[PDB]
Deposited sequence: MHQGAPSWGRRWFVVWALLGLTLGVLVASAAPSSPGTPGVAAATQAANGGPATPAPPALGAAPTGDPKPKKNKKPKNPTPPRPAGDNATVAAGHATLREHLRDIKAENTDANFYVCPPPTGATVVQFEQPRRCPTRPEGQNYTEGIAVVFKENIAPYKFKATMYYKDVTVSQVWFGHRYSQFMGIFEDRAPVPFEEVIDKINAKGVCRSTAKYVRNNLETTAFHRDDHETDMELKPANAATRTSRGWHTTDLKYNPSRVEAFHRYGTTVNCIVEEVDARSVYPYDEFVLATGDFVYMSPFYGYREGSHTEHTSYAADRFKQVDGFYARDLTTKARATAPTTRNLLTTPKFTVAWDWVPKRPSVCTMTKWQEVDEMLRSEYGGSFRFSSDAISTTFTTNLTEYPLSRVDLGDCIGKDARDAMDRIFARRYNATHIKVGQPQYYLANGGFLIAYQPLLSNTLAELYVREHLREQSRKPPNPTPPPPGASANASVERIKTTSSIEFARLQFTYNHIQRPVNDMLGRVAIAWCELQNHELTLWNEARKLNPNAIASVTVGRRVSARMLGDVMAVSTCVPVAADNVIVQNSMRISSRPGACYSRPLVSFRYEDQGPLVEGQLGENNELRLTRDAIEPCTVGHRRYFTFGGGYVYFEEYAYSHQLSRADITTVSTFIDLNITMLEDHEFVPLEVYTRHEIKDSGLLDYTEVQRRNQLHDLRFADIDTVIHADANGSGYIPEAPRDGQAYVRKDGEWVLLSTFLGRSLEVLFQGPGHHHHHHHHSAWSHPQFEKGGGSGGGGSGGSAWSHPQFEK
């Protein structure tokens, strides 16, 4: 440590303390509006409905009878459709099916007879039980073959009337549908003759379709004849007859599917966009502040009904006796393709402002389909960031406000501490060792000059020999400003300060014990006499500072993770059409010669 010599400060330089600053204002709280919400997503599930398929499994086989064996020289298999007359007057009316298959095939009016015998009404019976299969009924199980006749190619016909209940599936624009057997029906499931249903798509002749009003279906297993009538549609395809109940299109299909029902969906406005955050599901959405026209959604007649039902149910369940509805439900299109049906609410404690919020809330040729993203993590991350960033910022603001107040509060103490020891207060505030004097309401300063530690010596005795009973308050010292400069009489001061005047006089008292700072340690005195030097660590130390142990957040590495890779999902299927077709089509190239030609 170096010593310092400071001359008497004068008015050549003055300094003052900074006045209290204006601390930051508390940020305004965000305006959150409570309300119920329902989130909708793009509908990807095909329209499903029940249908009945009627057809006759006609088959004729040619058999060759050898001397001691029989061989099948050819087996022809074909599916024949059941006409409307039969499906209405025999199967449905009596549960019987004609044994003759009459239909058009390859532009020819072909006819077949079961066992080549005369026509006869055959009873329909349930088919053999099978696990995970819909109900089905048939009329014949044993295939008919010609009788044995040595050396002849005889023929035998078999007609097996079959009726089955299959699940039909359809997708947008719902212009066609498939059946459980994989057969395609190029006709809209909603095609008909009533209420503009004739405008639907149809790829068959007008005579191939028939609609029956007031149709009473008759179950085949149980012979009941239904309880209420229905509008039955019947189509005769080239290979089968399919029948299904007709229903209106608009209230039967919907392009949007209800995804979540949020009980508490807080909505805030900032940055020109609403923020719908749900604490229950931990998700945050963003819109454009303009209600999405619900009429623009193609086939979106289910959105309003489902939204209103869910809103009423949730309101009656929770907000029945605590809040009130403010305006009709609002619809907004959130980022990512999510349609949100919002319902603002207001607490009963401040219902007087209902008239002011109603009108403000009410202020918020073609159709299209909303495309919803397959990942919601973009919204969950937004909520997580907001859930942490918002509270952290609040605490940071409070710390800054409190810190500023503390500094202004301490200005009072410094105003008084400076008068007690201007040299110490001026040195720490100015940033360098300087002597100061109180020139009224402002303080003057003068820079000190350092002195080497080896260029100072302390007089052993502080006793003033001049007057007995008179002693000095600090030890006397001799110091040379230079390494070999003339020594300069002086007195020791506080904090290694060297004053050039031995004016600090005090009456000598018995039992004098003192310690004075000197360089990097202290100088011990006893009875006004120098005893010895001692290091700084020789005295017990007490920490006057408040310990704070802030620890930074450790870095983290997020490794990739997936529950099921895309390869695992693909492998989950029992059968693969691509692999099955590739292997099956290689049969000819593997087990046969595809180029050799034999002729004679």
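Participant: Could you name the stretches of the deposited sequence that have no C-alpha atoms in this structure?
Facilitator: Gaps vs deposited seq, in order: 1-110, 475-489, 726-808.
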